[PDB]
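Structure, as structure tokens:
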Amino acid sequence: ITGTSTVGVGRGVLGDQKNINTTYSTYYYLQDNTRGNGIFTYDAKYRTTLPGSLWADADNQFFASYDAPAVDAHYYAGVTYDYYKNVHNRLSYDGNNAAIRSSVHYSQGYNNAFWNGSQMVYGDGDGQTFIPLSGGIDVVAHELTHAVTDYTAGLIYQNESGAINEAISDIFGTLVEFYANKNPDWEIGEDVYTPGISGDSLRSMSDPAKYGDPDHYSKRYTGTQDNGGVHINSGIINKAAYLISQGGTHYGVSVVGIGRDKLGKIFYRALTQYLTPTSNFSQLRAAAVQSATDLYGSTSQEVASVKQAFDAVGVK
Ligand SMILES: CC[C@H](C)[C@H](N)C(=O)N[C@@H](CCCC[NH3+])C(=O)O
Ligand SMILES: [Ca+2]
Ligand SMILES: [Ca+2]
Ligand SMILES: [Ca+2]
Ligand SMILES: [Zn+2]
């Protein structure tokens, strides 16, 4: 909508107060004009018609329970835009400041979130498995990173390329969580998963097997469930990424960690310069080796650690 840029205040899903960029024209809308061609947040009103209505508020105060998922979807999309711009010199998901659109209150009791090819979509959860899923910065950044991947490598959402697609969303969703720096971790979705259970998450990058996901190529899923295991086999790549950043010894293979910034540069380069729609795990290793060689040199520690990490998870 056409109007003047404003600053509202509200509370997110976990009860934290934050300022949000709005636009005033009769109502205050969740329209952030400060980032690219805008960040726009919509109310799906418990239905599945998308996007729904651009979020309108009478007084620019967003403290209602019903407001919270919108506050977080809007705010965390801004954090994720800032990460890509500040850390990787990428302007929105398409690299040309595309508008970032999110809908909250999707369906009833919907225990998931997704990128639909055009926008982000967040369920409210059923209050047992999940609370509103935009409450997790790693969840928001994971979904927006699907848009980045779709515009760049274009990894097909099935089998190994799909598992890479999912791992890249977990890797950057985690790196965005560290960028914002509010008790960040290497776990996925801990802030919105199982409110009645302390300390768990949907997936773990540090130990995928904690939640039954494979942490070695020899344990890869080869059936048809989950588009050939895209959320399962991601654990093999998430473990490799965790080892490149943090180091460790896994199945007797030692990896020297090179830290999160270098992990992010190597994988952002692989995603944007080397991976293709059909890349498999072996081709990801080659892409990450070539990216680290470009950035640091063929005989660098960073290249050595990339090879060490893929060797540790059984990817040749
Ligand atoms: C990043 C977390 C987000 C929920 C994402 N869409 C996801 O990983 N979803 C998978 C896990 C199950 C979600 C709850 N039913 C999925 O299999 O869709
Ligand atoms: Ca209000
Ligand atoms: Ca996390
Ligand atoms: Ca929990
Ligand atoms: Zn995903």
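Chain A is numbered as in Swiss-Prot; the shown residues are, in order, 233-548.
Structure method, as recorded: X-ray crystallography, 1.5 Å.
Each Cβ is built from the backbone N, Cα and C atoms, and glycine gets one as well.
For the Zn(2+) site, Swiss-Prot records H374, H378, and the single candidate of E398, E419 listed with them is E398.
Looking at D417, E419, the binding-site residues in this record, the fewest other C-beta atoms within 10 angstroms of the C-beta turn up around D417. For the pair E409 (Ca(2+) 2 binding site) and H374 (Zn(2+) binding site), the C-alpha distance works out to 10 angstrom. When the recorded positions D291, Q293, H378, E398, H463 are ranked by how far their Cα is from the Cα of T426 (Ca(2+) 4 binding site), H463 comes first. When the alpha carbons of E419 (Ca(2+) 2 binding site) and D432 (Ca(2+) 4 binding site) are compared, the span between them is 8 angstrom. If you measure from the Cα atom of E422 (Ca(2+) 2 binding site) to that of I429 (Ca(2+) 4 binding site), you get 10 Å.
DSSP classifies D289 (Ca(2+) 1 binding site) as strand under the three-state reduction. Of the recorded residues, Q293 (Ca(2+) 1 binding site) and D370 (Ca(2+) 2 binding site) place their C-alpha atoms 25 Å from one another.
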